[PDB]
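> Model the following, please.
(chains A, B, C, D, E and F, ligands or ions: 1)
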Amino acid sequence: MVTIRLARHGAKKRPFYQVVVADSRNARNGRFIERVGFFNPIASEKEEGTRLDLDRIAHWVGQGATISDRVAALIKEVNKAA
Amino acid sequence: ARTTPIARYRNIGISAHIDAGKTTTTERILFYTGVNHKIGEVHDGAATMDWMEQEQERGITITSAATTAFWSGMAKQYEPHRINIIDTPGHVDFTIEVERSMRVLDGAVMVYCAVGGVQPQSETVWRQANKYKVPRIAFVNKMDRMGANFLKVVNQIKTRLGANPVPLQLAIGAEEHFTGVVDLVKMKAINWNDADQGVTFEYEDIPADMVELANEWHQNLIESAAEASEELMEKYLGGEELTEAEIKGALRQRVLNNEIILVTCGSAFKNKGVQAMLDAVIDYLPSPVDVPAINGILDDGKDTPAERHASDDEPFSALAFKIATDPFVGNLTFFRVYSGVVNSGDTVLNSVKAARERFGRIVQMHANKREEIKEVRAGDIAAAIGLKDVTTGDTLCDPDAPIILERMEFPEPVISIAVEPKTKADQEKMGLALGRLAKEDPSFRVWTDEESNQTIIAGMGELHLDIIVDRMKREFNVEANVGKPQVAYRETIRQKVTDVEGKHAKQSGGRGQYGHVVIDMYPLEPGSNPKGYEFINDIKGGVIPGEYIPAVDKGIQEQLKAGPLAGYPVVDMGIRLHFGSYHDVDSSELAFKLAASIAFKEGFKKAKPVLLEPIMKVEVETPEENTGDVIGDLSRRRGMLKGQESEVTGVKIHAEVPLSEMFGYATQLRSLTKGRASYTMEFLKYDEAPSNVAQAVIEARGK
Amino acid sequence: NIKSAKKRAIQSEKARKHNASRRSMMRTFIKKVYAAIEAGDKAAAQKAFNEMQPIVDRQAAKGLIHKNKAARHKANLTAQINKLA
Amino acid sequence: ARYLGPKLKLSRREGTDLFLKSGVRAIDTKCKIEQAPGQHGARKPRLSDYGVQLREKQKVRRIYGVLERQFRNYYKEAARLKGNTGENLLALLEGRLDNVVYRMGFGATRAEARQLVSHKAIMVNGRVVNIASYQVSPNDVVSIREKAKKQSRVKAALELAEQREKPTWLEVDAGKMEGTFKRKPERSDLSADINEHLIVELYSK
Amino acid sequence: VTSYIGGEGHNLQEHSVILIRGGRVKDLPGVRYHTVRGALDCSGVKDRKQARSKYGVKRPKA
RNA sequence: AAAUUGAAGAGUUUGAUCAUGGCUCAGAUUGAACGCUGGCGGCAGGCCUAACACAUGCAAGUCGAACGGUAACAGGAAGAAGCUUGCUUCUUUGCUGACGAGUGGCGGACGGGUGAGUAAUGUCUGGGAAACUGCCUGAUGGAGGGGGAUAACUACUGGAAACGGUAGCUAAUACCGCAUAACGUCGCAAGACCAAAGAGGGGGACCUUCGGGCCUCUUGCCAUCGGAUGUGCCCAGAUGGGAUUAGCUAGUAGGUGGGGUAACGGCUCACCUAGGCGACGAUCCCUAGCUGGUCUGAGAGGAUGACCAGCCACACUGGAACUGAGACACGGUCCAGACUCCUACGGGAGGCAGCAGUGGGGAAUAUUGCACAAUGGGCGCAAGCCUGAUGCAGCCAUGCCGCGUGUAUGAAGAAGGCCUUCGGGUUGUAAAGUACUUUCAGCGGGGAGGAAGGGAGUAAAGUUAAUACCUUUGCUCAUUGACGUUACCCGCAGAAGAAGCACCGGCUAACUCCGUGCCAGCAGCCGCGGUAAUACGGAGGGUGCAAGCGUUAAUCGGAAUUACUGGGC
Ligand SMILES: Nc1nc2c(ncn2[C@@H]2O[C@H](COP(=O)(O)OP(=O)(O)O)[C@@H](O)[C@H]2O)c(=O)[nH]1
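Numbers count the residues shown, from 1 in each chain, chains lettered A, B, ... in the order given. The relevant structure is shown in the block below.
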């Protein structure tokens, strides 16, 4: 089940997660088949402080992946209805 | 919340003379409450209170280990109470274990033998109980043995220790006719069952062979209890006997106020009387709150700076009274929660040692087994694990400061020897175990020596150091073969001044510059200058350079500390200086100092100082039975003696003895007076004596 | 054991007994057919094959062996039977 | 971390004037600035090649108040940058917030300027910077953060700030107490007394 | 292996522990190990005032 | 557009030179150690050796929306204790929430630790066919019908402790056979054979044994072909040294046949062939986890596997398999061996290379800490639980970076030190003095962000047959932060509460005096010291570096000193 979750790269008291498509087996920072876009929760003015890659996310979720809660909410946002 | 109200707690101590049956009675109590099967004995080591393997083999309880149970007085065997017994040892060597324990209990059942009555160690723990007014009852153990009597023991306690004992029991049968106990409150005679089946009671009628004496001590108990308060006196004066409940409450108040001591009989080996002693534990000893409220103090002393009491709401305020050595987690600190509630991992501010501590775990005990429990509340003894800074006697509390608990007292050791491991490489691996042991035990002081490189230690008897040396070999696997401490001889001239010089210069071929000084060797009487060195200047010829005179005294200082006799610091010595030679150029003080070296070493040796040996001021207080005998031993040693004054309970005798001889003096002292002597050894003077032991250091190095 | 793996060991042992039983039935019938083959009686052989075929298919569907194992078995036996002629 | 100790000792050992003290009165009337600080300064040391290299680098270091650590980094970067390494080093040395503060005034010497910059009494374009090594970018107002005025030492320093060249990169307002940063100060915009190629060869040795 | 004992005046008996650091002696034949002065009862040289870290002396207070 | 603009030398053999020639030095770097010293802050780092033995607390549970049910807590119903028919609580009652234990399903084979083993069964690079693949997804259908136990239990009996029995039942998605199933399996076909589980949510119709049925919807199950993820297998090449290691190998290499694995295969068996590996190093021996990369280097190259990540092997040692999709399984099984602990003496339990921590080894490396608040992960429909992963914290200058230990002024050049040609020079504007400020740490107040979500109430369509149940989208309301006294801001008094270490003979930057006389001693090489020591030690003074300084160890360079670029007889 290829989960699409956040990877928590970065530093202490300064998260910078990373949207990754990986098997739900491997670790958080672990192996992934691809990463698709980044996310930062303390970016004041940066690249939206958030980015997804909707084409590749569509590729995966259509071919049979799943989506974690944070990546799902981030897509709910990038789809600018809310 | 808490499993039981406070009135169900009874914190009692078991303490007595050696071998009086403390551990046997404790194991019987544990069995009769059911945490132990197989009543077990001690001479076969199988008892569970004994774990350290020394008391397994040697069959002598060496250290206290608290233990809990559920025995009950109201409809006994039901409505359980919490009896926290502390099996303390009774050895004079381990009286420190009694000291800290007696200071941490709210009551304690004293054990007496029916063969000897009180014994010197019991007269000791009696002082250690009056020291804190610890309420207490008596348990006359070993009635089953030959020549054992009860009324004689009662008279013994009445007459010798000074108390008032009242029979709560009278015994049916003395030696082997002992079949049970008759009472003076229930007024019914209990005949216990056969071997190891004494769990039962078989309440039975009082036999007529003892009805009259039972009646006599019954009425005596009645009037002695009515002595507690007025409303118990007139009711009795009206021709009516009080009843069980009010007699029990009145006597119990007497025990609270520390006026009386109750005696119960039994034979912990024939399994008789143990339960009926537990009956007294319940019915008369104070509960944690029945005791007057603990005297807490703030950072300053008042009458009531911190009025603390046993409550689940009161601040957590307790007394860390016992440390223990654990190899696994480092230490293991007992503590008796006087007030409040504390939990695992919770904080605690070490009010005395000026730090905050934490409770990695809180473990209550089954004599060794550390029961893992969440929290401990008031009146409930527990052992804290992991807290680093705390030692014995410290006080642990919340940030609201009942900081000052009253005691910081512990006795002074009397025996001292030195130790040495398999080789002098393991000396730190030895001092480490020594540090652990000295942080665990207050009376035992590891005493690093400065005069020699040996490590000497001090204890309170041949046996205490003996457990320590084996416990060191056993728990800390470094064996130390022992010897005597080295002596501390010294040097100083008698009275006479002797004129001497020492001459040698340097630069005949262009070299650096020289020194030269004349000196005269005057001593002062032993104890004249409190500063061990006194100087008077008399330079008038060949006046040594203006920045060199003080360095001349400071260089003869080296020669003083050197002590050209056998290496020993010369004491009270004085040197006076007259002559020399100089120019208005840069001479060398070091040459004056070597010059002064030759001068010192010749003039002292020819002025004939004295080679003194350490002589200690001794004080010994011993009963009037063996005053002559102990003085005789002292005179056979080197007897110099001070005087004689009759104390209330003995004689005041001081003396002067050599430290070269007082080494093993403690065991011999106590053996000469049954251990009823008190004494401390301290220094008074150094002095000479005709002895051919005076050349050991001279043999190792020097003239 | 210290954990809830005890329940798993117990369930695994129960399943061991059971899978041993079913596997034993399968292999009993397979030895039946192999005897019929080594003998030379073709009609008896095909009878034994039809006796075992539903068992082994049911078992593979039960997962005790794998569909490839059942198919390999039936293939081996059908081939050697038609060779028996 | 800041160089604690005598200042004219440094300036006099290096011989040349490095402005460690406030340029108020004079230098040779207060210290006999021709000879080493030691009692052996009357002697003339020969100062071979490595002598002159260490002396040059120590001159620039004592002028700017940066230490050999973070100075090796001021070489690491400004060598990483494309172009002349010595000139890029002087660029990043000039852009230091203390240097720009002193050069716009506010403090008669680098030490007073650093005490200011570190006492939370400056505001690089609105933001209080307490970092004496804040590398200032071009096009930045310095905004001395009023209530850092009215102490009279910054005023005396602003008075003494003239008789000195108004540097061609500073454009300090001088009276509302701010200052733009037009462009990175050139190497030619500097004293030309300091051989940056000496420092470059010293560190690339 | 062998070992130098630097500094002025040592106190190393037949069974005292010492620490060993590198660095030969360049004139003593075959001695290639300086005894680390001031560690494990191999106490530092006494009455020193310059270069105390090497040779293990406590900084005097004054 | 930038993806680089990057290569230094000296001391040292000789009376002296030149050259080969080795030793050492300045540089960068470290899981570092130790001595001296030591203020803060941020971010990283922390048992390299004994894969040595381990106390203890935790490191894996979840699911009632699978079942029987009721251990505990309650929502509960009827009462004649209590009692003023109860607001002043007695019990039968799984009826409902909820749930001990049990059955069952899913996980436990993940996450995490170590580098012993491993020279090729591996790793990396690039391909391949002889396959599997739970949970995840697309599609297509089925989802008759019934029975046999058994747990829990109950009774009785052991366990004189722990830990087990003999009979009696009763449920389920547990299990078993028949019905059926085909583009599924076998078979050239002909032909035969194959499976399944139900639960939950609502309710208008209508029959009921108030159990429900029934029309719904949400989930779930079986089978079949795909997608994806993970995984198994094969090949070519590289992946340390030693030939003072020249032969090695009978399942050994292959053919045929049988068997076996999910899969191809000497994986195995049985014949038959006599082959196969090898100087391109077979075999043997020592050593070693490989790699992305790290230190260095200008580059080729040298050394290396600390951190983070991928692969592999391992989980007290040796051997084996059981369930399973996945293991030959760290906190599962079983046996042998060692060890440990409990034993009531009849027995039984355990495996820190998980996190903490102990003891031992070492020179050396941390608390028996805080919480799921983020991220995750398992289970669950979800709330919700577990999480020593994780997020944080505590210790240590272990490292990298930033900052301060005040700033200006000041010639009575104070004192005093030291030197001296005896006038003075230098410490030195240095301190004292004078004014200015408060960074940092200390107090006091104020205060972001890490917070996404999920709960209840509500509306829109979507659903049906119902506008009911439920996705799903908004809406309003209370809220979910360990760190934590966060970062930070501002105020409070004062310059206080905060500088050391090494070197100073040439290499090298920094020189004089006293004390020592080949003694004490120093030292990286050259050497210094035997009376005028810039070379020992101290003083003064200076030079470097600065919360470090120095020493040692270690890789590389400089070493064109293994020279392929880049050397010689
Ligand atoms: N006869 C008799 N002997 C006793 C009794 N209690 C203890 N002992 C004996 O005393 C010896 C040691 O007893 P112990 O428990 O060591 O006494 P403790 O040293 O005071 O605890 C054993 O041999 C017992 O047999 C008693 O009540 N009666």
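> Show me which residues of chain B sit near the ligand.
B:18-24, B:41-43, B:59, B:61, B:141-142, B:144-145, B:267-269 (Cβ under 6 Å from any ligand atom). (C-beta placed from N, C-alpha, C; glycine too.)
> Am I right that residue B:684 sits in a strand?
Yes: Residue B:684 forms part of a strand when assessed by DSSP: H, G, I helix; E, B strand; the rest coil.
> got the phi/psi numbers for residue B:322?
Phi and psi for residue B:322, reported as degrees, to the nearest 10, are phi -150, psi 130.
> Tell me which residues touch the residue in chain A that the ligand sits nearest to, please.
Of all residues in chain A, residue A:12 sits closest to the ligand, at 59.4 Å by Cβ to the nearest ligand atom. With contact set as Cβ atoms under 8 Å, 6 or more residues apart in numbering or on different chains, residue A:12 has no partners.
> Pop out the phi and psi values for it.
phi -70, psi 140.
> So which residue is smack in the middle of chain E?
Centre of chain E computed as the mean C-alpha position; nearest residue by Cα atoms, centre = their mean is residue E:37, 3.0 Å away.
> Give me every residue in chain A lying close to RNA strand F.
Residues of chain A found near RNA strand F (Cβ under 7 Å from any atom of the strand) are A:1-3, A:5-8, A:11-15, A:17, A:23-31, A:33, A:41-42, A:63-66, A:68-71, A:73, A:76, A:81-82.
> which ones among the residues you listed are found in strands?
In this view, the residues of chain A next to RNA strand F that belong to strands under DSSP state E are A:2, A:3, A:5, A:6, A:11, A:14, A:15, A:17, A:23.
> elements contacting the longest helix along chain C?
Looking across chain C with DSSP state H, the single longest helix is helix C:5-39. Under the contact criterion of 3 or more Cβ pairs under 8 Å, 6 or more residues apart in numbering or on different chains; DSSP states H and E, helix C:5-39 touches helix C:42-62, helix C:67-83.
> Write a PyMOL command that selects only the buried members of the residues of chain A next to RNA strand F.
The PyMOL command for the buried members of these (criterion: 16 or more other Cβ atoms under 10 Å in any protein chain shown) is given here:
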select buried, chain A and resi 2+3+5+6+7+17+65+71
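> What residue in chain D is the furthest from its centre?
Of all residues in chain D (Cα atoms, centre = their mean), residue D:43 lies farthest out, 29.9 Å.
> gap between it and residue A:18?
66 Å (Cβ to Cβ, to the nearest Å).
> again, but for residue B:71
Note on residue B:71: its distance to residue A:18, by Cβ to Cβ, is 66 Å.
> cool, residue B:500 as well?
For residue B:500, the distance to residue A:18 - Cβ to Cβ - is 91 Å.
> Quick one: classify residue B:349 as helix, strand or coil.
Residue B:349 is classified as strand under three-state DSSP.
> Which residues are in contact with it?
Taking Cβ under 8 Å, 6+ apart as the test, what residue B:349 contacts is B:355, B:356, B:357, B:396, B:397, B:398, B:399.
> now do 7 Å
For residue B:349, the contact set (Cβ atoms under 7 Å, 6 or more residues apart in numbering or on different chains) comprises B:356, B:397, B:398, B:399.
> what's the closest non-adjacent residue to the last one?
To tie it back to what came earlier, the one meant is residue B:399. In this structure, residue B:399 finds its nearest non-sequential neighbour in residue B:349, 5.4 Å apart by Cβ to Cβ, 6 or more residues apart in numbering or on different chains.
> circling back: secondary structure element for the residue farthest from the centre of chain D?
Assigned by DSSP states H and E, residue D:43 belongs to neither a helix nor a strand.
> Same question for the one 10 residues further on.
If you go by DSSP H and E, residue D:53 is part of helix D:49-64.
> taking the residues of chain B next to the ligand one by one, which sit in helices?
Counting by DSSP H, the residues of chain B next to the ligand contribute B:22, B:23, B:24 to helices.
> Quick check, the second one in contact with residue B:42.
The reference is to residue B:23. Yes: look at residue B:23 against residue B:42 with Cβ atoms under 7 Å: they come within range, at 5.2 Å.
> Against residue A:37, how distant is the residue of chain A found nearest RNA strand F?
In chain A, the residue that lies nearest RNA strand F is residue A:64 (2.2 Å; Cβ to the nearest atom of the strand). Distance, residue A:64 to residue A:37, by Cβ to Cβ: 20 Å.
> anything in stretch B:573-593 near chain E?
No: applying Cβ under 7 Å from any Cβ of the partner chain, one finds stretch B:573-593 separated from chain E by no less than 12.4 Å.
> contacts for that stretch?
The contact list for stretch B:573-593 (Cβ under 7 Å, 6+ apart) reads B:492-493, B:506, B:512-524, B:533-539, B:541-545, B:548, B:551-552, B:555-556, B:558, B:560.
> And for stretch B:35-52?
For stretch B:35-52, using Cβ under 7 Å, 6+ apart, the contacting residues are B:23-24, B:26-28, B:30-31, B:56-57, B:59, B:61-62, B:65, B:69, B:87, B:196, B:271, B:366-368.
> Mind checking which of those residues are buried?
Neighbour counting by 16+ other Cβ under 10 Å classes B:23-24, B:26-28, B:30-31, B:59, B:61-62, B:65, B:69, B:87, B:271, B:366-367 among the contacts of stretch B:35-52 as buried.
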